[PDB]
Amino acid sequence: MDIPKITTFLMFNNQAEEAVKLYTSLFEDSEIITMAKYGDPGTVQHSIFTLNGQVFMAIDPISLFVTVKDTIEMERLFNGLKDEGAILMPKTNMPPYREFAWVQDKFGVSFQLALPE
């Protein structure tokens, strides 16, 4: 269950269980490894799935979800990407993460920065 440093992260309306079901079914070496719904209820809070043995995540724009090594990795990527960027959410201690941030960079790509601890 080892997730890449950078995971493509798909966010849906309330369509994640279907989207996942759809892609999992088409692509070959693929499998739902984790789904957690909300207690909007019945919606996906957290999914980790495979497509050709590659790890994706979905919940509920189509961001990059970065698992950070350190407080210091966080600092660097945060400050690097935040330039002329939007901060969707700033550095925040957010269980189950030591820290988490959400930045759109100047060109428009969303990065989620997640420090596990």
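So that there is no doubt, residue numbering starts at 1 and follows the sequence shown.
- In terms of unmodelled positions of the deposited sequence, the stretch from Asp60 to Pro61 in this entry skips 4 to 9 residues.
- The stretch of deposited sequence separating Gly39 from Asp40 contains 4 to 9 residues lacking coordinates in this entry.
- Comparing 6 to 14 with 19 to 27, the stretch with the higher mean C-alpha B-factor in the PDB entry is 6 to 14.
- Checked against the record, the higher mean CA B factor of 86 to 94 and 62 to 70 lies with 86 to 94.
- In this entry, the residue among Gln54, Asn79, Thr43, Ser47 with the greatest C-alpha B factor is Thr43.
- Ranked by C-alpha B-factor against the other modelled residues of its chain, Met1 falls in the highest third.
- When the CA B factors of the chain's modelled residues are split into thirds, the value for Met35 lands in the highest one.
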